[PDB]
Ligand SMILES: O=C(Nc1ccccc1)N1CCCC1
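There is one chain below, alone, in structure tokens, taken in the form solved without ligand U1X.
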């Protein structure tokens, strides 16, 4: 509908796949080469389904900060025959607050879904499903089951992936450029 939705759509149309684990179907962001991200609660194993194709997992790393606190981001390298467009230059370098973000989801349950979530707070610490978690972003939208893995964007920046909610607020794990130096 406007330039925020334009940037979100450009990311969804080239840099997302549908990931299926034994814990459900997730929006999955591809970042570069065969490297993608997914919430750590997806419990990625040795095999994952990518757009309903059986795919070997070459590597999976559940990120934690240097205090050994959960970040809720798993970086997955996929045995896929095709690379993602490199979008690492759209990742923020530092923790920050944002205005006017969009949350975008693409699954069997929620195809071509875009939500203007408004202002995004650097919330920091969250007890997420009982797990102490750091680098959480918060937005005041009543997000629902089916949205985990959804991509959080502003114009020109890919800032996080949706990992939870409390009924009135939604929570995303930050994406930082430093996670994807190779």
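Numbering follows the first chain given and starts at 1.
Between the stretches 28-36 and 145-153, it is 145-153 that shows the larger average CA temperature factor. Just going by the entry, 75-83 versus 93-101 on mean CA temperature factor gives the higher value to 93-101. Comparing the C-alpha B-factors of 9, 15, 21, 166 in the entry, the top value falls on 166. Across the residues 53, 63, 57, 42, the deposited record lists the maximum Cα B factor for 53. Among the modelled residues of its chain, residue 69 has a C-alpha B-factor that falls in the middle third, as given in the PDB entry. In this PDB entry, residue 176 carries a Cα temperature factor that places it within the middle third of its chain's modelled residues.
Among the modelled residues of the chain, residue 128 sits in the highest third by CA temperature factor in this PDB entry.
Only in words, not in the display: the form solved in complex with ligand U1X, which the text now covers.
Contact with ligand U1X in the deposited complex, defined as a heavy atom within 4.5 Å, is made by all three of 113, 142 and 147.
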